[PDB]
Amino acid sequence: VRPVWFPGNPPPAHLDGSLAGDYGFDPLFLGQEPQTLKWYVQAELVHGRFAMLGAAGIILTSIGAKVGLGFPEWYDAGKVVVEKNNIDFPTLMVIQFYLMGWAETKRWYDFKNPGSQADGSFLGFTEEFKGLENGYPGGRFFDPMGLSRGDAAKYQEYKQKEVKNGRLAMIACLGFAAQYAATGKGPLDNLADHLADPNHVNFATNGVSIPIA
Amino acid sequence: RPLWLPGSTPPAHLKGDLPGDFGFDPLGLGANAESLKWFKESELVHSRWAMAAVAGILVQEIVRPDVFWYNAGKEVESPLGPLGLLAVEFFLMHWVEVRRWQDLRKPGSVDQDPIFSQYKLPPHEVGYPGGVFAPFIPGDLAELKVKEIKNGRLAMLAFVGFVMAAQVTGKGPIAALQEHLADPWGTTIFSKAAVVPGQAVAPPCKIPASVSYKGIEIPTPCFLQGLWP
Amino acid sequence: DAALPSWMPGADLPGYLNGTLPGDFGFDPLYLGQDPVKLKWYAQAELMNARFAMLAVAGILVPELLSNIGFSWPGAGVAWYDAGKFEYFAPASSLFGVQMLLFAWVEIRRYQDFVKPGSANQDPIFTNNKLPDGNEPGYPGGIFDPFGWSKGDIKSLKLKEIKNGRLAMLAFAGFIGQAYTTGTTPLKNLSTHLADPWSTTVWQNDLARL
Amino acid sequence: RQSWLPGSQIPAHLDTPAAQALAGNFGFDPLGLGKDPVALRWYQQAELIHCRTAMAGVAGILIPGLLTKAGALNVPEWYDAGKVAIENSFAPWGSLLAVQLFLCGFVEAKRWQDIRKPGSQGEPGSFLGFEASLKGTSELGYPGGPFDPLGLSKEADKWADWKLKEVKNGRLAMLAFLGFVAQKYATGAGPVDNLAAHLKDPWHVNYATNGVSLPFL
Ligand code: CLA
Ligand SMILES: CC1=C[C@H](O)CC(C)(C)[C@H]1/C=C/C(C)=C/C=C/C(C)=C/C=C/C=C(C)/C=C/C=C(C)/C=C/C1=C(C)C[C@H](O)CC1(C)C
Ligand SMILES: CC1=C[C@H](O)CC(C)(C)[C@H]1/C=C/C(C)=C/C=C/C(C)=C/C=C/C=C(C)/C=C/C=C(C)/C=C/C1=C(C)C[C@H](O)CC1(C)C
Ligand SMILES: CCCCCCCCCCCCC/C=C\[C@H](O)[C@H](N)CO
């Protein structure tokens, strides 16, 4: 009925199309168990959201780098910020780990006991941490626009858009890493080199991707 | 019924009850009742602020053609210090915005005058105070409300255009209008820049990166200059 | 949750503040007065701190105001914070011991009357001298009110007392803050702000020293 | 139910009515050291003793150290006060420690006997008439008589809250002393000096900058 990752192949039993972006792609059966699939769903959503933020930031910084704005590349921004501003790298790492630890720990214990964070033990906030579904934490803090509490069809469509954009951003980040390790320049520099000559500037002519070329 | 797209089906959450309802909501940000109630006040405040700002910029340039509006906060000297002016503005604006916010969350709760117990605002809606705030109302209430929201939307887009034209050309609204009327085929944004797969040219930002205001170097950058076409 | 004046019109004030206490405006965002016994203690603490700060602000402002005019006396040019290292008729240690013993006596008497109202309304030396039977903690009366001013509108007078006490407490905190930042007497800061209020502000003074 | 981890599985032994009667019950026991009720009672006594001892020690370290920063006192550092106090003293540290061990052993033995049998210290004809006052209250570790001269434990309404201010504060003191030791082996200065140095530049003076608390960085 619904389209799958491999046309003609029947979709697995653990993938019935209830989740967003369900194409029945699981040849290794890593998510056959329900709890394991739940954990992997939250992991994929977090991965896609982080990948989306990273892809947007990398694209914007490379845009500012191509134009005469002085923006450093994404593979040198850390050194530029730490050396330009008197910022201690271990101190920043510890602060980031503290904030991420608090947020991810609350999220983890909410995954173990759904709705437990809504008891009011954190400054009295209750409905802001009640949670809607697995990997979809609705509330006035995470969703102040209230898009998750109205027009169910639009919400499901946005869920499909979010999972697809997340997978695309993950592939984009992997492409950024491979492009930097193979060509040595930024993603927009590679795009300009390819647009200048697409027949001779690609992965088949970089001299690194195809060793027999 | 007037709509933003003739022959189009308006969204289910828009039934043409609120003023200026033209069935335009592709993202569905107004589907929730509470979100729509808050955004209505936000849109009204934005409308009035933008109308006042556009009128101020126009009168400022017509009366004073030698003072740039973008530089209005820089080349204006007053006996009242900038810190004192900021403190006065922060306290007065904080007081009025607190009263408005309390009326939003709790209607009919701050309509009473604290100094004098005999003055009190009559019952009204949220976002439309009335009473002392509306001494003269010439015309129909609903008609004037629709006119207010339409003029506010136009003023909001006008202020955005004012900022962008002042950042791209460095001239005021009247100056930009005259320059555009002089050479319309070569002074539009399409004539100033174009993007192709082999080249990406954008107009330069006429606003300096830093402004020396009493030796502090206030950064004044062009809004998303890297994304400029 | 009543018609009494509030610190935020329309806000949902806590229900334990029913207006019985003087100066009740339902101001407790931290809910420190939830416990009835804790609130009963905090009322007396607020009243004592209020009267003490009132005496402090009066004793800080009156000598500096009198020194700026033709009135003269031994300690006039000395600041409120510099009065400790002054040459008196006795060392500060002896005065400290004397006041500690006297304050211990009166504070123990007040505490005894606080844990049991009316249990300390009798003069220990002269049995005939005493306070009225109707009394509450924090409001002694009797010889403490020789002019009978409390016989009138006690509620409005109590409201005046608590409001003046809160204002004096804030003023004393401001005195400490101004002394630690500006390093000058309060009336001097008042005159400095009165000469040109636009450039003599806390933001400007703190930004100049940053 | 207040918990040390919202959503974590609270242990069954910490959910019993007797375990919840203790002050500061937050369901914190990842190792299960309080499963045995006898062990839980003994550890509750140990926690109370540690709380009071840590509070007295941290107070004796922090208050004279704060007065030394100002002109109130001239007390040396806590890690150097022993040598300075024993220099111009009337006895060596060995004799003083011997008398200390004797005097502390007597009272700790009496406390141990009362822990083994509550109220057993009130044996008639055993402490020259003072044995009657040596019997504590119904709760172990909360005695009366010679202890608590002000009698602030007679009002039950605040009693349950009073104990909450004794354990929690004590727990904080227990961590405080720990910091006092760690900081001593990390910066080489006193606690008040470390606090001032951190307040001078918090963004560059912390445990991630001394090179000792983070050797991989
Ligand atoms: C009784 C309250 C009170 C009053 C009347 C003043 C008055 C004054 N303060 Mg001050 N202050 C206060 C409390 C107060 N303060 C408190 C609680 C603190 C914190 C400890 C400070 C800390 C402070 C500093 C660090 C400085 C001043 C300074 C000043 C002077 C001028 C600049 C200024 O106003 O900054 C702003 C004052 C504030 C932000 C204080 C907060 C608001 C207070 C609570 C007043 C609230 C208004 C209230 C309705 C009462 C109105 C006045 C009424 C009697 C008519 C001025 C005469 C400056 C100075 O000394 O000038 C050289 C200075 O640098 N104040
Ligand atoms: C499904 C399945 C199942 C079956 O059964 C089997 C198989 C086949 C195996 C499979 C598959 C899988 C896969 C594909 C995976 C992948 C993933 C990824 C890629 C991720 C990423 C992911 C990615 C990510 C997160 C990323 C992120 C990023 C980021 C943050 C960035 C950041 C940054 C920036 C901004 C800039 C600066 O300057 C630097 C930095 C700092 C660096
Ligand atoms: C709960 C649990 C259970 C689960 O199951 C698991 C786990 C997690 C393991 C856990 C945890 C635990 C912990 C944390 C513990 C800790 C403790 C402590 C810290 C103590 C201290 C404690 C501490 C203490 C007592 C202290 C004390 C102190 C003192 C005396 C001091 C003294 C002094 C002074 C004054 C001064 C001089 O100059 C010097 C000296 C001489 C030095
Ligand atoms: C001048 C001090 C102002 C407060 C400074 C920060 C203190 C932080 C305390 C925040 C209070 C958190 C909990 C608040 C309300 C709770 O939901 C209720 N008390 C529970 O009934």
# chains A, B, ... in the order shown; residues from 1 in each chain; ligands from 1
>>> residues_near_ligand(ligand="ligand 2", cutoff="6 Å", atoms="only C-alpha atoms and all ligand atoms", output="PyMOL selection string")
chain A and resi 26-30+47+50-51+54+57-58+74-75+77+170-171+173-174
>>> write_last_selection(atoms="C-alpha atoms", output="mmCIF file, in the first residue's frame")
data_model
loop_
_atom_site.group_PDB
_atom_site.id
_atom_site.type_symbol
_atom_site.label_atom_id
_atom_site.label_comp_id
_atom_site.auth_asym_id
_atom_site.auth_seq_id
_atom_site.Cartn_x
_atom_site.Cartn_y
_atom_site.Cartn_z
ATOM 1 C CA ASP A 26 15.339 -2.336 8.460
ATOM 2 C CA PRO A 27 17.384 -5.099 6.781
ATOM 3 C CA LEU A 28 19.309 -5.865 9.981
ATOM 4 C CA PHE A 29 16.170 -5.950 12.217
ATOM 5 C CA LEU A 30 17.805 -3.615 14.743
ATOM 6 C CA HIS A 47 20.115 12.952 15.658
ATOM 7 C CA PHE A 50 21.082 18.145 15.872
ATOM 8 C CA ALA A 51 21.990 17.462 12.243
ATOM 9 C CA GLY A 54 24.484 21.762 12.308
ATOM 10 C CA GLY A 57 24.858 26.689 10.864
ATOM 11 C CA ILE A 58 27.481 25.288 8.487
ATOM 12 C CA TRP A 74 33.158 25.281 10.133
ATOM 13 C CA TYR A 75 36.309 23.192 10.620
ATOM 14 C CA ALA A 77 35.422 28.100 13.928
ATOM 15 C CA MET A 170 22.265 13.726 8.688
ATOM 16 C CA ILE A 171 23.297 12.811 5.144
ATOM 17 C CA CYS A 173 26.613 16.395 7.705
ATOM 18 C CA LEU A 174 28.189 13.136 6.542
#
>>> interface_residues(of="chain C", to="chain B", cutoff="12 Å", atoms="only C-alpha atoms", output="mmCIF file with N, CA and C atoms, in the first residue's frame")
data_model
loop_
_atom_site.group_PDB
_atom_site.id
_atom_site.type_symbol
_atom_site.label_atom_id
_atom_site.label_comp_id
_atom_site.auth_asym_id
_atom_site.auth_seq_id
_atom_site.Cartn_x
_atom_site.Cartn_y
_atom_site.Cartn_z
ATOM 1 N N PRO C 5 -6.629 45.346 49.122
ATOM 2 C CA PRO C 5 -5.647 45.800 48.124
ATOM 3 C C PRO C 5 -4.517 44.799 47.935
ATOM 4 N N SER C 6 -4.124 44.616 46.680
ATOM 5 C CA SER C 6 -3.088 43.670 46.308
ATOM 6 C C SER C 6 -1.917 44.350 45.618
ATOM 7 N N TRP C 7 -0.794 43.636 45.586
ATOM 8 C CA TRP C 7 0.428 44.104 44.949
ATOM 9 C C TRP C 7 0.438 43.819 43.455
ATOM 10 N N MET C 8 -0.608 43.209 42.931
ATOM 11 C CA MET C 8 -0.731 42.904 41.515
ATOM 12 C C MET C 8 -2.213 42.704 41.233
ATOM 13 N N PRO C 9 -2.923 43.750 40.769
ATOM 14 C CA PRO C 9 -4.362 43.624 40.489
ATOM 15 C C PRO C 9 -4.715 42.525 39.501
ATOM 16 N N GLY C 10 -5.520 41.570 39.960
ATOM 17 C CA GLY C 10 -5.946 40.452 39.158
ATOM 18 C C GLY C 10 -5.163 39.178 39.391
ATOM 19 N N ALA C 11 -3.970 39.276 39.973
ATOM 20 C CA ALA C 11 -3.161 38.092 40.222
ATOM 21 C C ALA C 11 -3.806 37.205 41.279
ATOM 22 N N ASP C 12 -3.542 35.905 41.171
ATOM 23 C CA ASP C 12 -4.075 34.912 42.101
ATOM 24 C C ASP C 12 -3.138 34.831 43.296
ATOM 25 N N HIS C 193 22.544 63.736 43.030
ATOM 26 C CA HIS C 193 21.504 63.344 42.089
ATOM 27 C C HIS C 193 20.552 64.502 41.813
ATOM 28 N N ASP C 196 21.964 67.169 38.912
ATOM 29 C CA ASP C 196 21.727 66.789 37.523
ATOM 30 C C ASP C 196 21.256 65.340 37.511
ATOM 31 N N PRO C 197 19.944 65.100 37.564
ATOM 32 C CA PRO C 197 19.442 63.712 37.599
ATOM 33 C C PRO C 197 19.662 62.893 36.338
ATOM 34 N N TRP C 198 19.933 63.514 35.192
ATOM 35 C CA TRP C 198 20.096 62.731 33.970
ATOM 36 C C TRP C 198 21.444 62.019 33.907
ATOM 37 N N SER C 199 22.489 62.610 34.477
ATOM 38 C CA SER C 199 23.813 62.007 34.436
ATOM 39 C C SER C 199 24.262 61.403 35.761
ATOM 40 N N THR C 200 23.464 61.527 36.819
ATOM 41 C CA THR C 200 23.792 60.980 38.135
ATOM 42 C C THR C 200 22.787 59.866 38.413
ATOM 43 N N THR C 201 23.059 58.682 37.872
ATOM 44 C CA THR C 201 22.206 57.514 38.022
ATOM 45 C C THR C 201 23.068 56.324 38.405
ATOM 46 N N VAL C 202 22.415 55.284 38.927
ATOM 47 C CA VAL C 202 23.134 54.084 39.347
ATOM 48 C C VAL C 202 23.798 53.399 38.152
ATOM 49 N N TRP C 203 23.154 53.435 36.981
ATOM 50 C CA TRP C 203 23.735 52.818 35.792
ATOM 51 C C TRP C 203 24.996 53.552 35.360
ATOM 52 N N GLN C 204 24.943 54.886 35.345
ATOM 53 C CA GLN C 204 26.093 55.694 34.952
ATOM 54 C C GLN C 204 27.248 55.542 35.933
ATOM 55 N N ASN C 205 26.943 55.587 37.234
ATOM 56 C CA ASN C 205 27.979 55.457 38.253
ATOM 57 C C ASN C 205 28.634 54.086 38.207
ATOM 58 N N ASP C 206 27.846 53.036 37.976
ATOM 59 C CA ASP C 206 28.434 51.704 37.927
ATOM 60 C C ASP C 206 29.145 51.445 36.605
ATOM 61 N N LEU C 207 28.717 52.102 35.523
ATOM 62 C CA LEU C 207 29.384 51.911 34.242
ATOM 63 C C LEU C 207 30.717 52.646 34.212
ATOM 64 N N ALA C 208 30.808 53.777 34.918
ATOM 65 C CA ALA C 208 32.058 54.523 34.969
ATOM 66 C C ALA C 208 33.139 53.765 35.725
#
>>> atom_distance(atom1="CA of residue 103 in chain D", atom2="atom 32 (C, counted along the ligand's line) of ligand 3")
17.1 Å
>>> select_by_dssp(residues="range 43-169 of chain D", states="helix (DSSP H, G or I)", output="ChimeraX atom specification")
/D:43-69,81-87,93-116,120-122,132-134,156-169
>>> closest_residue(among="C:140, C:117, C:63, C:33", to="ligand 4", atoms="only C-alpha atoms and all ligand atoms")
C:33
>>> residues_near_ligand(ligand="ligand 3", cutoff="6 Å", atoms="only C-alpha atoms and all ligand atoms", output="PyMOL selection string")
chain D and resi 29-33+50+53-54+57+60-61+78-79+81-82+174-175+177-178
>>> write_last_selection(atoms="N, CA and C atoms", output="CSV table (one decimal), in the first residue's frame")
chain,number,residue,atom,x,y,z
D,29,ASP,N,19.5,5.8,47.3
D,29,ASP,CA,20.2,4.6,47.7
D,29,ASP,C,20.5,3.7,46.5
D,30,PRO,N,21.4,4.1,45.6
D,30,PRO,CA,21.7,3.3,44.4
D,30,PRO,C,22.4,2.0,44.7
D,31,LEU,N,23.1,1.9,45.9
D,31,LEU,CA,23.9,0.7,46.2
D,31,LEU,C,23.1,-0.2,47.1
D,32,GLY,N,21.9,0.2,47.6
D,32,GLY,CA,21.1,-0.6,48.5
D,32,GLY,C,21.8,-0.9,49.9
D,33,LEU,N,22.4,0.1,50.4
D,33,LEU,CA,23.1,-0.1,51.7
D,33,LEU,C,22.1,0.1,52.9
D,50,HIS,N,27.9,12.3,61.7
D,50,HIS,CA,28.7,12.9,60.7
D,50,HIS,C,28.2,14.3,60.4
D,53,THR,N,29.3,16.6,63.4
D,53,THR,CA,30.7,16.8,63.4
D,53,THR,C,31.2,17.6,62.2
D,54,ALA,N,30.6,17.4,61.0
D,54,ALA,CA,31.0,18.1,59.9
D,54,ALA,C,30.6,19.6,60.0
D,57,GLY,N,33.0,21.3,62.4
D,57,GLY,CA,34.3,21.5,61.8
D,57,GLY,C,34.3,22.5,60.7
D,60,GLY,N,34.0,25.9,62.2
D,60,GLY,CA,35.3,26.3,62.8
D,60,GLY,C,36.4,26.6,61.7
D,61,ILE,N,36.2,26.2,60.5
D,61,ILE,CA,37.1,26.5,59.4
D,61,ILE,C,36.7,27.7,58.6
D,78,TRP,N,43.2,26.4,57.9
D,78,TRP,CA,42.8,25.2,58.6
D,78,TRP,C,43.9,24.1,58.5
D,79,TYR,N,44.6,24.1,57.4
D,79,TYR,CA,45.6,23.0,57.2
D,79,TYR,C,46.9,23.4,57.8
D,81,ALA,N,46.7,25.4,61.0
D,81,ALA,CA,46.3,25.8,62.4
D,81,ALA,C,46.8,24.8,63.4
D,82,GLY,N,47.0,23.5,63.1
D,82,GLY,CA,47.5,22.5,64.0
D,82,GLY,C,48.9,22.8,64.5
D,174,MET,N,29.1,18.2,55.1
D,174,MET,CA,29.9,17.0,54.8
D,174,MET,C,30.6,17.2,53.4
D,175,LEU,N,29.9,17.8,52.5
D,175,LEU,CA,30.5,18.1,51.2
D,175,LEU,C,31.5,19.2,51.3
D,177,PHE,N,33.5,20.1,53.8
D,177,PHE,CA,34.8,19.7,54.2
D,177,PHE,C,35.5,18.9,53.1
D,178,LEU,N,34.8,18.1,52.3
D,178,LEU,CA,35.4,17.4,51.2
D,178,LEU,C,36.0,18.4,50.2
>>> residues_around(residues="residue 145 in chain D", least_positions_apart="6", cutoff="9 Å", atoms="only C-alpha atoms", output="PyMOL selection string")
chain D and resi 132-136+151
>>> write_last_selection(atoms="N, CA, C and O atoms", output="PDB file, in the first residue's frame")
ATOM      1  N   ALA D 132      19.344   9.494  85.163  1.00  0.00           N
ATOM      2  CA  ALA D 132      17.979   9.748  84.714  1.00  0.00           C
ATOM      3  C   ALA D 132      17.955  10.675  83.507  1.00  0.00           C
ATOM      4  O   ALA D 132      17.171  10.474  82.573  1.00  0.00           O
ATOM      5  N   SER D 133      18.814  11.685  83.502  1.00  0.00           N
ATOM      6  CA  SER D 133      18.893  12.635  82.407  1.00  0.00           C
ATOM      7  C   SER D 133      19.604  12.073  81.185  1.00  0.00           C
ATOM      8  O   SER D 133      19.555  12.695  80.120  1.00  0.00           O
ATOM      9  N   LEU D 134      20.254  10.921  81.303  1.00  0.00           N
ATOM     10  CA  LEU D 134      20.968  10.327  80.184  1.00  0.00           C
ATOM     11  C   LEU D 134      20.067   9.517  79.260  1.00  0.00           C
ATOM     12  O   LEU D 134      20.552   8.986  78.258  1.00  0.00           O
ATOM     13  N   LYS D 135      18.777   9.414  79.561  1.00  0.00           N
ATOM     14  CA  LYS D 135      17.845   8.687  78.708  1.00  0.00           C
ATOM     15  C   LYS D 135      17.332   9.658  77.652  1.00  0.00           C
ATOM     16  O   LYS D 135      16.771  10.707  77.989  1.00  0.00           O
ATOM     17  N   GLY D 136      17.529   9.320  76.385  1.00  0.00           N
ATOM     18  CA  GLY D 136      17.089  10.176  75.309  1.00  0.00           C
ATOM     19  C   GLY D 136      15.599  10.064  75.061  1.00  0.00           C
ATOM     20  O   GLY D 136      14.850   9.408  75.785  1.00  0.00           O
ATOM     21  N   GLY D 151      15.456  23.710  75.287  1.00  0.00           N
ATOM     22  CA  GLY D 151      14.187  23.010  75.176  1.00  0.00           C
ATOM     23  C   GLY D 151      13.387  23.343  73.938  1.00  0.00           C
ATOM     24  O   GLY D 151      12.163  23.498  74.020  1.00  0.00           O
TER      25      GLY D 151
END
>>> residues_near_ligand(ligand="ligand 1", cutoff="7 Å", atoms="only C-alpha atoms and all ligand atoms", output="PyMOL selection string")
chain C and resi 167-168+170-171+173-178+181-182+186+189-190+192-193+200-202+205-206
>>> residues_around(residues="residue 25 in chain A", least_positions_apart="4", cutoff="8 Å", atoms="only C-alpha atoms", output="list in words")
residues 4, 5, 6 and 11 of chain A
>>> residues_near_ligand(ligand="ligand 4", cutoff="12 Å", atoms="only C-alpha atoms and all ligand atoms", output="list in words")
residues 118, 119, 120, 121, 122, 123, 124, 125 and 126 of chain A; 14, 15, 28, 29, 30, 31, 32, 33, 34 and 35 of chain C
>>> write_last_selection(atoms="C-alpha atoms", output="PDB file, in the first residue's frame")
ATOM      1  CA  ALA A 118       5.422  16.716  35.389  1.00  0.00           C
ATOM      2  CA  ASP A 119       5.274  16.071  39.146  1.00  0.00           C
ATOM      3  CA  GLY A 120       6.366  19.656  39.818  1.00  0.00           C
ATOM      4  CA  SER A 121       9.696  18.872  41.488  1.00  0.00           C
ATOM      5  CA  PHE A 122      11.503  21.253  39.087  1.00  0.00           C
ATOM      6  CA  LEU A 123      10.529  24.808  40.151  1.00  0.00           C
ATOM      7  CA  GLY A 124       6.837  23.828  40.196  1.00  0.00           C
ATOM      8  CA  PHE A 125       6.545  23.462  36.417  1.00  0.00           C
ATOM      9  CA  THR A 126       4.122  20.660  35.592  1.00  0.00           C
TER      10      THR A 126
ATOM     11  CA  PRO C  14      -2.072  32.868  48.083  1.00  0.00           C
ATOM     12  CA  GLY C  15      -4.944  31.878  50.349  1.00  0.00           C
ATOM     13  CA  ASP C  28       4.795  36.145  48.709  1.00  0.00           C
ATOM     14  CA  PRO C  29       6.066  34.684  45.399  1.00  0.00           C
ATOM     15  CA  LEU C  30       8.357  32.316  47.316  1.00  0.00           C
ATOM     16  CA  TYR C  31       5.501  31.212  49.641  1.00  0.00           C
ATOM     17  CA  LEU C  32       7.629  31.694  52.758  1.00  0.00           C
ATOM     18  CA  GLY C  33       4.554  32.255  54.933  1.00  0.00           C
ATOM     19  CA  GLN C  34       2.838  28.961  54.108  1.00  0.00           C
ATOM     20  CA  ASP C  35       3.405  27.513  57.580  1.00  0.00           C
TER      21      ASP C  35
END
>>> atom_distance(atom1="CA of residue 19 in chain D", atom2="CA of residue 119 in chain D")
21.4 Å
>>> closest_residue(among="B:212, B:172, B:220, B:186", to="residue 65 in chain B", atoms="only C-alpha atoms")
B:172
>>> residues_around(residues="residue 190 in chain D", least_positions_apart="5", cutoff="8 Å", atoms="only C-alpha atoms", output="CSV table (one decimal) with C-alpha atoms, in the first residue's frame")
chain,number,residue,atom,x,y,z
D,77,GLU,CA,44.6,28.3,57.5
D,78,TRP,CA,42.8,25.2,58.6
D,180,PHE,CA,38.2,21.9,51.6
D,183,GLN,CA,40.9,22.4,47.0
D,184,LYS,CA,43.9,22.0,49.3
